[PDB]
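Asker: Pasting a structure below so you can have a look.
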Amino acid sequence: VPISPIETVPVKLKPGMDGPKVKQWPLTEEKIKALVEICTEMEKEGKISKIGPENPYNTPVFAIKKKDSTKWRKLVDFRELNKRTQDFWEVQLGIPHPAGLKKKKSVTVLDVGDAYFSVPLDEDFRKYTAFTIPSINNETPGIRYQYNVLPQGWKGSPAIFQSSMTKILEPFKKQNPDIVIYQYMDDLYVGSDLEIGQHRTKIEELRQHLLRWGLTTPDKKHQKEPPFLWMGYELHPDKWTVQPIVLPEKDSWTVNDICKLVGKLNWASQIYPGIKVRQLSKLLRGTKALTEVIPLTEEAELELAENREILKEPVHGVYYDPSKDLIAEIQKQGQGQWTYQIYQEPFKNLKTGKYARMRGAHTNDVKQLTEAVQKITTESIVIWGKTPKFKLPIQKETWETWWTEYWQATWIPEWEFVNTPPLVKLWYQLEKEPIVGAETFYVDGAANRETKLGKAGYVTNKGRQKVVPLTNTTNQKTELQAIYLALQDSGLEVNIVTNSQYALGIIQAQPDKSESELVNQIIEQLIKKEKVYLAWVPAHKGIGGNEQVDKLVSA
Amino acid sequence: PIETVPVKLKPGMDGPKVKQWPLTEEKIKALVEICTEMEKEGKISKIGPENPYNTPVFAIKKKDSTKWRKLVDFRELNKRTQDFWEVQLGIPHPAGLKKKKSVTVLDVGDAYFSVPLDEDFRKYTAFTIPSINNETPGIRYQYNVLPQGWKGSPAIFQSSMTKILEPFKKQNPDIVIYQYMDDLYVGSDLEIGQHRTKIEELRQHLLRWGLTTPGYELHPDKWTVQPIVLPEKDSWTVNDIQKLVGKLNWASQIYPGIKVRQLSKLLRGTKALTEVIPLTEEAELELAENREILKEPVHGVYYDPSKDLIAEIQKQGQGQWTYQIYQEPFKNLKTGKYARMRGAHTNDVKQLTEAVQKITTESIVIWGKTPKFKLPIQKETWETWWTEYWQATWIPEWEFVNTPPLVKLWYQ
RNA sequence: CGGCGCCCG
RNA sequence: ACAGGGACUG
DNA sequence: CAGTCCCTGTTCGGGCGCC
Ligand SMILES: Cc1ccnc2c1NC(=O)c1cccnc1N2C1CC1
Ligand SMILES: [Mn+2]
């Protein structure tokens, strides 16, 4: 007889599959003689057993190394068993962000020892565990055994651990409503607004409750260690910060340097306000090798500079005070880049961040703002579970005009205007109705698919005509091109009539920036003009002076 | 201790592994208090990591209600139980339900908590109550009883339902009663006073047979269809003739007897848009004959039960929305318009959420089926707030669309 | 070896 | 990598 | 009809930021 610590969680196998039988795979020759002994230890503790006949099971060994150890950590490879083992609902959905934590007066960390080997494996599944690994080099053929607990590198070790531990904690917690716990791996962090000593009262009383379940809590445990260092974070009960960031000063610039660079800037951007990656990010476009050589442009360096000066002075985040409102304010940073700060009390920030993503082939500041506002709302719901007060560089009339004209359903939640320049504006509007006393340019364009060759032009009510030959082009590009001409050759006020569904779709969505130089130019001409009217008439319907410019360019 | 109707994921497909989306703290409180109380009632119970299945859940308050109703998005499960409900047991859809002067919708879903569920199936109803900021892990449950909003729940309860109702149908034969998922549709030509009385009465029926029921009226006899109509003009600019002609070209995709010939000829030279061109008589008559073909129905558009319905919504501006229901292009089963819905003039997503609900509703009263939406919205916008404005116990299917406005010409 | 988050086909 | 829409091929 | 492309916008295989 062995003994029985804590409730076991049933595990099946993907129906119609069975335990593995495998040949060994290389692992370093020196440390493994040690486990021959360590194995006998486990025999006595209940973490191992053996039987001769019943196991058609064998597993190899493949491992991962960790820095900062005063002792070596053993491993075994169940990968064949793994692939053959039922799936679980993973318990780690990702991790809480510091800015979502409430400030807690007292916060301690107990690190659970022998955590994975402290959890009973499912009785009947125990069978599938049998394994073998080289003695020192090797001499005689060998022997084998079975596992009584959660094995290293097994899938359920993490799932079942997390759940069992949680299951254990539930009754302490129900008995202690005003404590606050969080579990990451084998470490537990506990915190309260109670007084420092009675807090330590419950800290021992809990090391008690864990012991009552066979869970070890050493005294290497620290009330005196905080800040706790966790995943790039430094956490004190009063204030949090990113762990110190080292920005490369290298004279030599390879694309992998710029990569690590960018990732680092964004990670800084969660806390240090106003980080810009745009120009550094332009270098990265369409490169074959991660080891290639790239020079830095002047803009990207003036930016890298401003950023280095951002990192110069230190910074810290506050924590969330659920009693008080959440405020998120976005300032337009230009080049389709955006920044935001979320604070409650002014100038004490919970966090910052960037939204730079240029979304779409042609876009504008209203669309893009709407996007930043959505990103932030989503993030806010993840962390604080609520939506912020918006402080937005946009007049309530700017915005109203946009969302109310636009064909898509679009919305920003409750928000208030902040008059911080540059302010977001609509750079042109298309008229909703034809313009009296403007020339009417009937415009068309066509190209030939085979030759990729073509022409763009127009006819007007005034007799004015034009046709321009174009090389290496498409039907679409010519229809944009003809509308363009009609913009160029027209007065301040002009009516433009086009037959292209494509072109009309772009312009009518009022882009202020585009990937396409021709659209940028169209946009530019558009801003200059006092009034524009875009009209659509079906092709080859024998329309208007539309049949005429269609003839003119199809020739 | 009563039987349990075994249930099966139609052959080949696994249980829903679909992920739980992040919730507001508000809604997480309401869900926690509802599941702990419902666990206490043994409707649901806690589960472990051995059940690797999930259905997403959130919560809503029904229209005009300050009490929180839990809502599970069982769409994925319903897709994976489907052959079971559709192929095994069919439910005839009353064609008269739509003709009734009033139709009330009562939420009977609570009754579903009576019947047990096949112990072998329960592992597929697994749903996570999320935690804010991932401070705790999820509280995972699974449904012990017949889970609200799964298509099997209204299916399996069919016998019992037809039973409890048989007294009323027998006493009131002229009253039409239809059932779609967690909702029950009841309608009659009675004057509203006595209708509401017959409704309170039916409420009693299900009340004494052991059910609780936390206005709902619809007026299907009043539902109007929006036909396409060409403008009435005193005097015509060129531009008018052009937009007219373009529209005519579309309608001619729908009604084939349309001709643009004489209006096109009206456009003959290269003319200023705003110049005023008089209507020739031959054209005046082609146009009036067109205004005619547009008062007709469309030959050969009829509902085919086997086909999925598809519903398209266009945003027309200024609180207006147009919609069209069809199973196949250009053969439209219904066209319509909504205005001054909640959110009008301030929040588009709200209005749209409303439109999707009203449309699904007419769709259920008429064909007994929820439509597939094409939503004139960005995917992400929609996911964020659609979860915020939802008052219905069901969830239609949707996909996201971009059609800068030339079909916006479904209304002047 | 993975999870989580961005950038390129 | 996948889909929707346009337009041209007899 | 299918069968061609031209243009545009969300899922998966490369690599950096955090374990
Ligand atoms: C790393 C971590 C993750 C999640 N929560 C906590 C912690 N540890 C803390 O440093 C912490 C700090 C301040 C307040 N709560 C904290 N806690 C909460 C549990 C009391
Ligand atoms: Mn053309």
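A note on labels: chains of the structure tokens are A, B, ... as shown, every chain counts residues from 1, and ligands are counted from 1 in their shown order.
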Which residues are near ligand 2 in this structure, taking near to mean any atom at most 10 Å from a ligand atom and counting only C-alpha atoms (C1' of nucleotides) and all ligand atoms? Format them as a list in words.
Answerer: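 I would give the residues around ligand 2 as residues 443, 444, 445, 446, 447, 455, 456, 457, 475, 476, 478, 479, 482, 498, 499, 500, 539, 540, 546, 547, 549, 550, 551, 552, 553 and 554 of chain A; 7 of chain D.
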Asker: Convert the current residue selection to file output with C-alpha atoms (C1' of nucleotides), as a PDB file, in the first residue's frame.
Answerer:
ATOM      1  CA  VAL A 443     -14.676  60.773 -67.771  1.00  0.00           C
ATOM      2  CA  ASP A 444     -13.603  57.318 -68.936  1.00  0.00           C
ATOM      3  CA  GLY A 445     -10.533  55.068 -69.240  1.00  0.00           C
ATOM      4  CA  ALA A 446      -9.685  51.735 -70.766  1.00  0.00           C
ATOM      5  CA  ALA A 447      -6.715  49.436 -71.151  1.00  0.00           C
ATOM      6  CA  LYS A 455      -5.777  55.474 -72.491  1.00  0.00           C
ATOM      7  CA  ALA A 456      -7.629  57.822 -70.155  1.00  0.00           C
ATOM      8  CA  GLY A 457      -9.782  60.862 -70.942  1.00  0.00           C
ATOM      9  CA  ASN A 475      -8.630  49.079 -66.757  1.00  0.00           C
ATOM     10  CA  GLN A 476      -9.065  50.213 -63.163  1.00  0.00           C
ATOM     11  CA  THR A 478      -7.107  54.105 -66.209  1.00  0.00           C
ATOM     12  CA  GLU A 479     -10.440  54.866 -64.673  1.00  0.00           C
ATOM     13  CA  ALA A 482      -9.197  59.753 -66.093  1.00  0.00           C
ATOM     14  CA  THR A 498     -17.681  58.624 -64.001  1.00  0.00           C
ATOM     15  CA  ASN A 499     -18.814  55.204 -65.079  1.00  0.00           C
ATOM     16  CA  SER A 500     -16.470  53.125 -62.960  1.00  0.00           C
ATOM     17  CA  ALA A 539     -21.444  51.654 -69.144  1.00  0.00           C
ATOM     18  CA  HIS A 540     -22.601  51.021 -72.731  1.00  0.00           C
ATOM     19  CA  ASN A 546     -20.803  58.905 -71.675  1.00  0.00           C
ATOM     20  CA  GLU A 547     -21.150  56.897 -74.871  1.00  0.00           C
ATOM     21  CA  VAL A 549     -16.014  59.353 -73.982  1.00  0.00           C
ATOM     22  CA  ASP A 550     -16.360  55.579 -74.025  1.00  0.00           C
ATOM     23  CA  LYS A 551     -15.872  55.681 -77.817  1.00  0.00           C
ATOM     24  CA  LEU A 552     -13.022  58.182 -77.472  1.00  0.00           C
ATOM     25  CA  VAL A 553     -11.012  55.939 -75.093  1.00  0.00           C
ATOM     26  CA  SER A 554     -11.943  52.435 -76.411  1.00  0.00           C
TER      27      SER A 554
ATOM     28  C1'   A D   7     -14.316  43.809 -65.425  1.00  0.00           C
TER      29        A D   7
END
Asker: Within 9 Å of ligand 1, which residues show up when you count only C-alpha atoms (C1' of nucleotides) and all ligand atoms? List them as an NGL selection string, please.
Answerer: (:A and (95-98 or 100-109 or 179-184 or 188-192 or 226-231 or 233-240 or 319)) or (:B and (134-136))
Asker: Go ahead and write the selection's residues with C-alpha atoms as a short mmCIF file (atom, residue, chain, number, x, y, z; two decimals), in the first residue's frame.
Answerer:
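Output file result-v7.cif follows:
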data_model
loop_
_atom_site.label_atom_id
_atom_site.label_comp_id
_atom_site.auth_asym_id
_atom_site.auth_seq_id
_atom_site.Cartn_x
_atom_site.Cartn_y
_atom_site.Cartn_z
CA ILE A 95 -1.97 36.33 -17.84
CA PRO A 96 -3.33 39.36 -16.00
CA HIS A 97 -1.76 42.70 -16.89
CA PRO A 98 -0.37 44.73 -13.96
CA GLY A 100 -5.65 45.59 -13.86
CA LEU A 101 -4.55 44.65 -10.36
CA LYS A 102 -6.09 46.58 -7.47
CA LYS A 103 -3.56 48.13 -5.11
CA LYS A 104 -3.19 45.77 -2.20
CA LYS A 105 -1.60 46.84 1.06
CA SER A 106 0.14 43.51 1.71
CA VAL A 107 1.42 41.10 -1.03
CA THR A 108 3.45 37.91 -0.52
CA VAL A 109 4.72 35.02 -2.65
CA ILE A 179 -8.10 38.13 0.72
CA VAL A 180 -6.93 38.11 -2.92
CA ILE A 181 -4.91 35.24 -4.50
CA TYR A 182 -3.37 34.60 -7.95
CA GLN A 183 -1.64 31.44 -9.16
CA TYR A 184 1.08 31.41 -11.72
CA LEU A 188 0.99 31.71 -5.33
CA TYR A 189 0.72 35.43 -4.66
CA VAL A 190 -1.56 36.47 -1.81
CA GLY A 191 -2.63 39.97 -0.82
CA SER A 192 -4.88 41.99 1.50
CA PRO A 226 8.94 42.64 -3.18
CA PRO A 227 9.15 44.09 -5.89
CA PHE A 228 8.42 40.65 -7.34
CA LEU A 229 10.03 40.02 -10.71
CA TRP A 230 7.58 38.49 -13.10
CA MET A 231 7.76 38.27 -16.90
CA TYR A 233 7.54 43.19 -14.79
CA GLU A 234 8.50 44.57 -11.40
CA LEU A 235 5.57 44.61 -9.01
CA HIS A 236 5.15 46.44 -5.73
CA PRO A 237 1.74 46.63 -3.99
CA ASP A 238 1.69 50.47 -4.55
CA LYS A 239 3.16 50.83 -8.06
CA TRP A 240 4.30 48.70 -11.01
CA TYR A 319 -3.04 50.28 -10.04
CA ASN B 134 -7.50 36.55 -15.84
CA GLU B 135 -6.96 37.03 -12.09
CA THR B 136 -8.75 33.75 -11.43
#
Asker: Residues within 12 Å of residue D:10, please, as a list in words. Count only C-alpha atoms (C1' of nucleotides); anything in the same chain fewer than 4 positions from it doesn't count.
Answerer: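 Listed by chain and then number, they are residues 1, 2 and 3 of chain E.
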Asker: I need the chosen residues saved as a CSV table (one decimal), in the first residue's frame, with N, CA and C atoms (P, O5', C5', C4', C3', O3' and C1' of nucleotides).
Answerer:
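Once everything was written out, this is again-v5.csv:
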chain,number,residue,atom,x,y,z
E,1,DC,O5',-22.9,30.1,-65.2
E,1,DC,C5',-22.9,30.6,-66.6
E,1,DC,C4',-23.0,29.4,-67.6
E,1,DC,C3',-21.7,28.7,-67.9
E,1,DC,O3',-22.0,27.3,-68.1
E,1,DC,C1',-22.6,30.0,-69.8
E,2,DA,P,-21.0,26.2,-67.4
E,2,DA,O5',-20.2,27.1,-66.4
E,2,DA,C5',-18.9,26.7,-65.9
E,2,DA,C4',-17.8,26.9,-66.9
E,2,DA,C3',-16.5,27.3,-66.3
E,2,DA,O3',-15.5,26.5,-67.1
E,2,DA,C1',-17.1,28.9,-67.9
E,3,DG,P,-14.0,26.5,-66.5
E,3,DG,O5',-13.1,26.8,-67.8
E,3,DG,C5',-13.5,27.8,-68.8
E,3,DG,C4',-12.6,28.9,-68.8
E,3,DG,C3',-11.6,29.1,-67.6
E,3,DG,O3',-10.4,29.5,-68.0
E,3,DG,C1',-12.8,31.0,-68.0
Asker: Compile the contact shell of residue B:392 as a PyMOL selection string: residues with an atom at most 12 Å away, counting only C-alpha atoms (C1' of nucleotides), same-chain residues fewer than 6 positions apart removed.
Answerer: chain B and resi 59-65+69-73+105-107+149+181-183+216+353-361+386
Asker: If we count only C-alpha atoms (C1' of nucleotides), what is near residue E:16 at a cut-off of 12 Å, once residues fewer than 6 positions away on the same chain are taken out, given as a VMD selection string?
Answerer: (chain A and resid 255 to 267 284 290) or (chain C and resid 5 to 8)
Asker: Can you work out which residues from chain B touch chain A at a cut-off of 8 Å (counting only C-alpha atoms) and hand them back as a PyMOL selection string?
Answerer: chain B and resi 22-25+48-53+132-138+239+242-243+245-246+249+264-265+267-274+315-318+347-349+352+376-378+380-381+384+402-405
Asker: So which bits of stretch 321-385 of chain B end up alpha helix (DSSP H) when you DSSP the backbone, as a PyMOL selection string?
Answerer: chain B and resi 348-367+379-385
Asker: Take the residues that were just selected and, keeping C-alpha atoms, output them as an mmCIF file, in the first residue's frame.
Answerer:
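Okay, this is what ended up in selection.cif:
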data_model
loop_
_atom_site.group_PDB
_atom_site.id
_atom_site.type_symbol
_atom_site.label_atom_id
_atom_site.label_comp_id
_atom_site.auth_asym_id
_atom_site.auth_seq_id
_atom_site.Cartn_x
_atom_site.Cartn_y
_atom_site.Cartn_z
ATOM 1 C CA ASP B 348 -25.485 53.007 -35.274
ATOM 2 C CA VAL B 349 -24.466 49.677 -33.749
ATOM 3 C CA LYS B 350 -27.496 49.819 -31.466
ATOM 4 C CA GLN B 351 -29.859 50.447 -34.323
ATOM 5 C CA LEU B 352 -28.313 47.670 -36.274
ATOM 6 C CA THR B 353 -28.535 45.241 -33.382
ATOM 7 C CA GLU B 354 -32.172 46.148 -33.259
ATOM 8 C CA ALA B 355 -32.624 45.626 -37.008
ATOM 9 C CA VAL B 356 -31.033 42.245 -36.845
ATOM 10 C CA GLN B 357 -33.455 41.349 -34.070
ATOM 11 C CA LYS B 358 -36.606 42.653 -35.742
ATOM 12 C CA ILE B 359 -35.605 41.004 -38.986
ATOM 13 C CA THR B 360 -34.886 37.657 -37.287
ATOM 14 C CA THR B 361 -38.255 37.989 -35.598
ATOM 15 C CA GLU B 362 -40.300 38.565 -38.811
ATOM 16 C CA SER B 363 -38.247 35.752 -40.262
ATOM 17 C CA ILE B 364 -39.270 33.345 -37.572
ATOM 18 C CA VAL B 365 -42.957 34.325 -37.634
ATOM 19 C CA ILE B 366 -43.033 33.919 -41.386
ATOM 20 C CA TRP B 367 -40.830 30.979 -42.348
ATOM 21 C CA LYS B 379 -16.068 42.546 -37.905
ATOM 22 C CA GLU B 380 -14.465 43.926 -34.808
ATOM 23 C CA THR B 381 -16.818 46.812 -34.216
ATOM 24 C CA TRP B 382 -19.646 44.400 -34.320
ATOM 25 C CA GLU B 383 -18.146 41.897 -31.976
ATOM 26 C CA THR B 384 -17.557 44.512 -29.281
ATOM 27 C CA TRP B 385 -20.779 46.152 -29.081
#
Asker: Would you please give, as a short mmCIF file (atom, residue, chain, number, x, y, z; two decimals) with N, CA and C atoms, in the first residue's frame, all residues of stretch 223-318 of chain A that DSSP assigns to strand (DSSP E) based on the backbone?
Answerer:
data_model
loop_
_atom_site.label_atom_id
_atom_site.label_comp_id
_atom_site.auth_asym_id
_atom_site.auth_seq_id
_atom_site.Cartn_x
_atom_site.Cartn_y
_atom_site.Cartn_z
N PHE A 228 8.26 41.99 -6.80
CA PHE A 228 8.42 40.65 -7.34
C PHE A 228 8.72 40.82 -8.82
N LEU A 229 9.62 39.98 -9.31
CA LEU A 229 10.03 40.02 -10.71
C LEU A 229 9.31 38.96 -11.49
N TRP A 230 8.37 39.42 -12.31
CA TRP A 230 7.58 38.49 -13.10
C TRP A 230 7.36 38.82 -14.57
N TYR A 233 8.19 42.22 -15.65
CA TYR A 233 7.54 43.19 -14.79
C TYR A 233 8.22 43.24 -13.41
N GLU A 234 8.09 44.39 -12.77
CA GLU A 234 8.50 44.57 -11.40
C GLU A 234 7.28 45.06 -10.67
N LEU A 235 6.86 44.32 -9.64
CA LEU A 235 5.57 44.61 -9.01
C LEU A 235 5.68 44.85 -7.51
N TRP A 240 3.72 49.73 -10.15
CA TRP A 240 4.30 48.70 -11.01
C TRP A 240 5.12 49.33 -12.11
N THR A 241 6.06 48.56 -12.64
CA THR A 241 6.79 49.04 -13.79
C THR A 241 7.33 47.91 -14.61
N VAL A 242 7.63 48.20 -15.87
CA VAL A 242 8.30 47.23 -16.69
C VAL A 242 9.69 47.05 -16.14
#
Asker: For chain D against chain A, which residues fall within 12 Å using only C-alpha atoms (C1' of nucleotides), given as a PyMOL selection string?
Answerer: chain D and resi 5-9
Asker: Would you export the selected residues with N, CA and C atoms (P, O5', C5', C4', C3', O3' and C1' of nucleotides) as a PDB file, in the first residue's frame, please?
Answerer:
ATOM      1  P     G D   5     -20.075  38.990 -54.043  1.00  0.00           P
ATOM      2  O5'   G D   5     -19.301  40.080 -54.887  1.00  0.00           O
ATOM      3  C5'   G D   5     -19.804  41.399 -54.916  1.00  0.00           C
ATOM      4  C4'   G D   5     -18.857  42.333 -55.605  1.00  0.00           C
ATOM      5  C3'   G D   5     -18.580  42.073 -57.070  1.00  0.00           C
ATOM      6  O3'   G D   5     -19.644  42.254 -58.000  1.00  0.00           O
ATOM      7  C1'   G D   5     -16.563  42.458 -56.046  1.00  0.00           C
ATOM      8  P     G D   6     -20.403  43.647 -58.232  1.00  0.00           P
ATOM      9  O5'   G D   6     -19.312  44.611 -58.871  1.00  0.00           O
ATOM     10  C5'   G D   6     -19.017  44.562 -60.254  1.00  0.00           C
ATOM     11  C4'   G D   6     -17.650  45.123 -60.537  1.00  0.00           C
ATOM     12  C3'   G D   6     -17.157  44.917 -61.952  1.00  0.00           C
ATOM     13  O3'   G D   6     -17.632  45.925 -62.822  1.00  0.00           O
ATOM     14  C1'   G D   6     -15.494  44.207 -60.442  1.00  0.00           C
ATOM     15  P     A D   7     -18.678  45.560 -63.980  1.00  0.00           P
ATOM     16  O5'   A D   7     -17.738  45.372 -65.250  1.00  0.00           O
ATOM     17  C5'   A D   7     -16.804  46.381 -65.595  1.00  0.00           C
ATOM     18  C4'   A D   7     -15.452  45.796 -65.893  1.00  0.00           C
ATOM     19  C3'   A D   7     -15.344  45.010 -67.186  1.00  0.00           C
ATOM     20  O3'   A D   7     -15.152  45.851 -68.306  1.00  0.00           O
ATOM     21  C1'   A D   7     -14.316  43.809 -65.425  1.00  0.00           C
ATOM     22  P     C D   8     -15.938  45.564 -69.673  1.00  0.00           P
ATOM     23  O5'   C D   8     -15.218  44.263 -70.266  1.00  0.00           O
ATOM     24  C5'   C D   8     -14.346  44.339 -71.393  1.00  0.00           C
ATOM     25  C4'   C D   8     -13.164  43.401 -71.269  1.00  0.00           C
ATOM     26  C3'   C D   8     -13.212  42.117 -72.095  1.00  0.00           C
ATOM     27  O3'   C D   8     -12.841  42.253 -73.455  1.00  0.00           O
ATOM     28  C1'   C D   8     -12.715  41.553 -69.895  1.00  0.00           C
ATOM     29  P     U D   9     -13.208  41.081 -74.506  1.00  0.00           P
ATOM     30  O5'   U D   9     -12.137  39.932 -74.232  1.00  0.00           O
ATOM     31  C5'   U D   9     -11.905  38.927 -75.208  1.00  0.00           C
ATOM     32  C4'   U D   9     -11.631  37.579 -74.585  1.00  0.00           C
ATOM     33  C3'   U D   9     -12.307  36.388 -75.253  1.00  0.00           C
ATOM     34  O3'   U D   9     -11.619  35.930 -76.408  1.00  0.00           O
ATOM     35  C1'   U D   9     -12.603  36.257 -72.910  1.00  0.00           C
TER      36        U D   9
END
Asker: Have a look at atom CA of residue A:1 and atom CA of residue A:49 and let me know their distance in Å, one decimal.
Answerer: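 These atoms are spaced 11.2 Å apart.
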Asker: If we count only C-alpha atoms (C1' of nucleotides), which residues of chain E reach to within 8 Å of chain A? Please list them as a short mmCIF file (atom, residue, chain, number, x, y, z; two decimals) with N, CA, C and O atoms (P, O5', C5', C4', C3', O3' and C1' of nucleotides), in the first residue's frame.
Answerer:
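Generated output (iface-v3.cif):
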data_model
loop_
_atom_site.label_atom_id
_atom_site.label_comp_id
_atom_site.auth_asym_id
_atom_site.auth_seq_id
_atom_site.Cartn_x
_atom_site.Cartn_y
_atom_site.Cartn_z
P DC E 5 -5.06 34.42 -65.47
"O5'" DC E 5 -5.30 35.97 -65.14
"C5'" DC E 5 -4.76 37.00 -65.98
"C4'" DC E 5 -5.40 38.34 -65.65
"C3'" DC E 5 -5.11 38.86 -64.25
"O3'" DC E 5 -3.93 39.70 -64.23
"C1'" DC E 5 -7.45 39.08 -64.78
P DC E 6 -3.92 41.19 -64.86
"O5'" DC E 6 -4.84 42.09 -63.89
"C5'" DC E 6 -5.78 43.06 -64.46
"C4'" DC E 6 -6.54 43.88 -63.40
"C3'" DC E 6 -5.74 44.31 -62.17
"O3'" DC E 6 -6.13 45.59 -61.82
"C1'" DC E 6 -7.63 43.13 -61.47
P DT E 8 -7.02 48.29 -54.54
"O5'" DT E 8 -7.78 47.50 -53.41
"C5'" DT E 8 -9.08 47.01 -53.69
"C4'" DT E 8 -9.69 46.44 -52.45
"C3'" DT E 8 -8.74 46.39 -51.26
"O3'" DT E 8 -9.47 46.64 -50.08
"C1'" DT E 8 -9.47 44.21 -51.76
P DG E 9 -8.71 46.97 -48.71
"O5'" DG E 9 -9.35 45.91 -47.70
"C5'" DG E 9 -10.77 45.64 -47.76
"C4'" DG E 9 -11.13 44.39 -46.96
"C3'" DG E 9 -10.25 44.13 -45.74
"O3'" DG E 9 -10.98 43.45 -44.75
"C1'" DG E 9 -10.02 42.35 -47.23
P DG E 15 11.69 30.82 -38.30
"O5'" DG E 15 11.93 32.18 -37.50
"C5'" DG E 15 12.97 33.04 -37.91
"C4'" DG E 15 12.59 34.49 -37.70
"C3'" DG E 15 12.57 34.97 -36.27
"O3'" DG E 15 13.87 35.20 -35.81
"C1'" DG E 15 10.76 35.90 -37.48
P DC E 16 14.12 35.46 -34.24
"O5'" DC E 16 14.21 37.06 -34.11
"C5'" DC E 16 14.47 37.64 -32.83
"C4'" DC E 16 13.73 38.96 -32.66
"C3'" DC E 16 13.07 39.17 -31.30
"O3'" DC E 16 14.00 39.67 -30.33
"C1'" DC E 16 11.44 39.58 -32.92
P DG E 17 13.81 39.29 -28.78
"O5'" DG E 17 12.53 40.13 -28.32
"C5'" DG E 17 12.69 41.45 -27.79
"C4'" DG E 17 11.35 42.06 -27.38
"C3'" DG E 17 10.66 41.42 -26.18
"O3'" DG E 17 11.12 42.01 -24.99
"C1'" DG E 17 9.14 41.58 -27.95
P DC E 18 11.76 41.10 -23.85
"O5'" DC E 18 10.50 40.35 -23.21
"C5'" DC E 18 9.79 40.98 -22.18
"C4'" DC E 18 8.69 40.08 -21.68
"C3'" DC E 18 9.14 38.75 -21.14
"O3'" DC E 18 9.62 38.88 -19.83
"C1'" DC E 18 7.27 38.42 -22.52
P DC E 19 10.56 37.73 -19.22
"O5'" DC E 19 9.61 36.44 -19.14
"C5'" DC E 19 9.86 35.39 -18.19
"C4'" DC E 19 8.63 34.51 -18.05
"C3'" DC E 19 8.89 33.01 -18.09
"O3'" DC E 19 9.06 32.48 -16.77
"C1'" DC E 19 7.31 33.58 -19.75
#
Asker: Using only C-alpha atoms (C1' of nucleotides), which residues sit within 10 Å of residue C:1 once same-chain residues fewer than 2 positions away are excluded, as a count of residues only?
Answerer: 4
Asker: What is the atom CA of residue B:80 to atom CA of residue B:154 distance in Å?
Answerer: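 The value is 15.8 Å.
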Asker: Would you work out the distance separating atom CA of residue B:27 from atom CA of residue B:151, expressed in Å to one decimal?
Answerer: 24.4 Å
Asker: List the neighbours of residue D:1 out to 9 Å using only C-alpha atoms (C1' of nucleotides); skip same-chain residues closer than 3 positions along the sequence, and give me the result as a list in words.
Answerer: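 Listed by chain and then number, they are residues 9 of chain C; 11, 12 and 13 of chain E.
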